[PDB]
Structure formats: structure tokens, C-alpha cells
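To keep things clear, I will list the structure first and then write my remarks on it.
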Amino acid sequence: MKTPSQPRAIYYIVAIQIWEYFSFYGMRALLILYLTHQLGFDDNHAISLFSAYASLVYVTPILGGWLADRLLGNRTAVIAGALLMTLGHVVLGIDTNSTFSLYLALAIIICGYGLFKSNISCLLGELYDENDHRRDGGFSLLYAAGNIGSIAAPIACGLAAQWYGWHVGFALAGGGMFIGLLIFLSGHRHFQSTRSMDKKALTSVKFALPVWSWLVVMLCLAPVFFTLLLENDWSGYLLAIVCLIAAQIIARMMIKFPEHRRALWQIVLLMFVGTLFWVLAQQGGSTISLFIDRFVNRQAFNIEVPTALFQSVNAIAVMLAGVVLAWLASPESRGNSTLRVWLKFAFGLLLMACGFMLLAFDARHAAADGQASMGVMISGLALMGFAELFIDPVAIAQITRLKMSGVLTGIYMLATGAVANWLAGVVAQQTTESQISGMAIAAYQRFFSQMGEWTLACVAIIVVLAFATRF
């Protein structure tokens, strides 16, 4: 007999997954351009704020996962997260001229994203029995939904912003999130099997107060906390605490499972190298977006392409590459697995190097005309997108060889997200040592040349050690 179909609720989860990824990746395409053009931030300040936001959105999902586990259930937390992200995009759209509006909106979005990101996948995993064969198709479709939304959002938001200004771009992102929420809520009759909210826990009293009122207080104060954390650039102290906690978890883990201790060190070393990779990769939305805005010739068809659209190019490059390797998946995946892993990382770093070399070459030879060339930059972005398939999938495939691999996966994603984004913001300050003179193309040319050189240095070190340890 034919296999049973996917549980119909999947298609509503997919729908919200698209629209959330639409909103999140739309705002991300506009943000640094809005900070510079509308608000008149110096590049140092804009890059700092951007990287702080990009780290906190990788930090808060742990807290929202613990909240959905202990109190809310996954469905409630998904709904609340979508409401909060909608509210924050509406706040950002309604007033484009206060800066406090910006910080408040970003804090509200960070909270809603923290409630959403983990719990949407937990809710998808709740629909299947423990040995259901459909689960892999489910999660693959959810990943495809996220890729679709990541490709689609920078185009639509960029065009809407160009034609009507930043207000309508952010309003469009929020309307996307709201559409997705209404689609999800219309499917409620299919979710009746999923875990409801723990009414007994919420009606438990802790100190003088019922727990639900502590959630009300938290809903009020957490946006204030994150607003102050962003406005003062204090996110680094939180990131340091998170890193210290993760290090303690790993150390206790090293004691508890000494028969796997050396394997754990391999994962640690992977966490290091992948973090450095993502530092480079996170130049994509910050320094490279400013370079494209300022110094690339974007004229075509007697039209000018909005810089935000080039953020979609990366996503296309990732998705296409994902297909091709899937088209070419082959039984040669055997033998010295650790050496193969390290050579995959070396190849990804090499592709990242080539991307930065193409950007540096373009920014140098622009001097023949005065502006850089769209095709060489596009090629760099494409190569940088392709590089991403050889890092995180190989790392998670290596981690998932162990038990306890969910916590190590969480720690790996926390490092390569939050730490890599904060370090990317720190590194990007090297583009802006020449504040007094004004920005010039030579500063980006130096930055890209240095990034290429360091990438090839890391490639050489990895390859040399990996082969020297074979003999």
C-alpha cells in the first residue's frame, strides 16, 4: 500500500515558516541601509548596532525554547512570537524618524524571534510518531520554506522601499508576518492534538505572584532590557556570559563521557573554525552591502537596482548549490571521515577566499571607470553562498554521531551565530579607520584584500596540519 500522506497541519506550519522568514530577512536587508541613510549613523555605530541585533536573535531562541517547554507549549509560543514580530515591524514602520523607535522595534523583534525560531521546529516534530518515516520529508520541506522566504523577501522589500521609502518596506515586512500568522491561525482545527499550555504551572504561585503575572512582567520588561542593551552596546557582556555557560556545559560533558573525549575536542575545534568562517560570511550584510550601495555601478535597463536585492543573490546561490549536491549525492561518502570533514571545511574556506579576492579585484580595477562592476561582485556573492554548504552541514553531521547531540548542536549554532556575528561587527570596524577623511573605495579594497589573505592563511594551516597528521 502507498504511504500515508503528510499530516495536513504541516502545510500551515510551512506557510508561517515562509512568511516569518520573509519578514526577518526583509528587515535584515534594509536595516543597515536605513541606519546610514535615514538616521545618519556613522559606519562604526551602524555596524555595531547591526551586529548586536544579529547576535541577540541567535541568543534568545534558547530562552524561548525553555519557556515553551516549561510553560507555554510550542503552539502558544509560536503565536506569541509572531504577534511580537508583527508589533515590532509596525512600530518600526509607523515612525521612521525617532531612533528610540528603532531600538524598541528591534528589541520587540528579538523577543518574538526568540519565541518563534525553536518552537516552530518543535511543533513540526510534535506531529509525528517517534519512528515515522515522514519526519525527514517534513523537516526538509520546512527548510525549503525558509529558503523560499529568504530569497523572496529582499526583492519585495527592496523594491517597496525604493518606490515608497523605508516606511513601506518595513510595513510590507510586517504585513508579511501578519499574513503568515492569519494563515497559521486559520489551520487551528488541525493542531488540536498538539500540547496545550500548562494551566497548573501558570496558576502556581512563585514568591507572592502567580506565574502568569511574572510572564506579564517579563513581556513588559524584556523589550526594555534589550532596548537598553542595544542602545548602549552592552550585548557583548551577555554574549560573554553565554559563552562561559556553554564552556562549562562542554567541560562537564568532557568529564561525563571520557570515552568520547577526543571526539568532543574535534567538535570543539570545528566550532572554532566554523566560527571564523561565519565571521567572514557575516560581512555579507554589513560591509559588502555598504560597498555595493556606495561604490558599485547598479544601473541596468535604464533602471537602478536597489542594493537590498543583492542579499537575495546569496540565498539563491545557497539554494541552487544545495540542489546540485543533492543531485550528485553519491556512495563515495566513505573512508577517512575526519580528514574528509576537514577537507570540506578547507574547500569552503577556499571558496570564501575566492569570493573576497573577486571583490578586491573588482574594487581595485574599478579605478579604470570610477565604480565597481556588478558581475564580478555578483560572482563573489555567489561563491560566498556556495561556501556555506561545506561548513554547517558537515559540522552537524559530525555532531549527530553522538548521543546528547541536540545540546552540542545548540551550542554550535549559538557560537557560529552570536559569536560569529559579534566578531564580524568587531572586524568590520577595520573598514572605518578613516572616519575623518570620509569613506573611499580604497578602504574597502584593503579590507577585502586582507580578508582574502587571512582566509588563504587559514586554508593553508588546515590543509597542512590535516595531511601532516596522516603520515
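Residue names in the C-alpha cells use chain letters A, B, ... in the order shown, residue numbers from 1 in each chain, and ligand numbers from 1 in the order shown.
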Exercise: segment 103-115 of chain A partners within 7 Å, only C-alpha atoms, chain neighbours under 3 positions left out, as a VMD selection string: chain A and resid 56 to 57 60 to 61 63 to 65 77 to 78 80 to 82 84 to 85 88 to 89 91 to 92 99 to 100 119 223 226 to 227 230 to 231
Contacts of segment 245-248 of chain A within 9 Å, only C-alpha atoms, excl. fewer than 4 positions in-chain, as a PyMOL selection string: chain A and resi 240-241+252-253+411+414-415
Residues within 8 Å of segment 379-388 of chain A, only C-alpha atoms, excluding chain neighbours under 5 positions, as number ranges by chain: A: 281, 284, 313-318, 321, 347-352, 354-359
Minimum-distance residue to residue 377 of chain A, chosen among A:442, A:288, A:202, A:457 (using only C-alpha atoms):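 The closest residue to residue 377 of chain A is A:288.
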Nearest candidate to residue 44 of chain A (options A:426, A:443, A:228, A:83; using only C-alpha atoms):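 Selected residue with least distance to residue 44 of chain A: A:426.
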Close residues, segment 164-168 of chain A itself excluded, 8 Å, only C-alpha atoms, min 6 positions apart in chain, as a list in words: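 Final neighbour list, sorted by chain and number: residues 30, 34, 92, 93, 94, 95 and 96 of chain A.
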Counting only C-alpha atoms, the residue of A:243, A:136, A:435, A:389 that sits nearest residue 41 of chain A: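 Distance minimum relative to residue 41 of chain A lands on A:435.
Of the residues in segment 113-265 of chain A, those given strand (DSSP E) by DSSP on the backbone are residues 205, 206, 209 and 210 of chain A.
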Same residues, N, CA and C atoms, saved as a tab-separated table (two decimals), in the first residue's frame:
```tsv
chain	number	residue	atom	x	y	z
A	205	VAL	N	2.02	29.60	42.24
A	205	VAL	CA	2.50	30.86	42.79
A	205	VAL	C	3.99	30.74	43.07
A	206	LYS	N	4.76	31.73	42.62
A	206	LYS	CA	6.18	31.81	42.89
A	206	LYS	C	6.44	33.19	43.48
A	209	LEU	N	3.52	36.01	43.67
A	209	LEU	CA	2.77	36.29	42.46
A	209	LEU	C	2.48	35.01	41.67
A	210	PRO	N	1.34	34.95	40.97
A	210	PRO	CA	1.11	33.85	40.03
A	210	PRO	C	2.03	33.95	38.83
```
Helix (DSSP H, G or I) per DSSP on the backbone: members of segment 159-329 of chain A, as a count of residues only: 131
Length of the atom CA of residue 20 of chain A to atom CA of residue 177 of chain A vector [Å]: 5.4 Å
Top pick for closest residue to residue 12 of chain A, considering A:360, A:254, A:323, A:123 and counting only C-alpha atoms: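 Once distances to residue 12 of chain A are computed over only C-alpha atoms, the minimum belongs to A:123.
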Length of the atom CA of residue 4 of chain A to atom CA of residue 142 of chain A vector [Å]: 18.7 Å
Long-range neighbours of residue 282 of chain A as a compact mmCIF listing (two decimals) with C-alpha atoms, in the first residue's frame, 9 Å cut-off, only C-alpha atoms, 2 positions minimum in chain:
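So the final result, stored in part_30.txt, reads:
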```
# COMPACT_ATOMS: atom_id res chain seq x y z
CA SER A 51 25.84 43.01 14.64
CA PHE A 277 34.17 31.17 8.62
CA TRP A 278 30.94 32.80 9.69
CA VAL A 279 32.76 35.96 10.74
CA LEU A 280 33.80 36.27 7.12
CA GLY A 284 27.79 39.87 3.58
CA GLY A 285 25.03 42.01 5.06
CA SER A 286 27.24 44.75 6.52
CA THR A 287 30.47 45.86 4.79
CA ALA A 420 30.40 34.99 14.70
CA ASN A 421 28.08 37.98 14.27
CA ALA A 424 32.04 40.14 12.34
CA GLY A 425 30.96 43.51 13.70
```
Given only C-alpha atoms as the counted atoms, nearest of A:271, A:155, A:33, A:9 to residue 293 of chain A: A:33
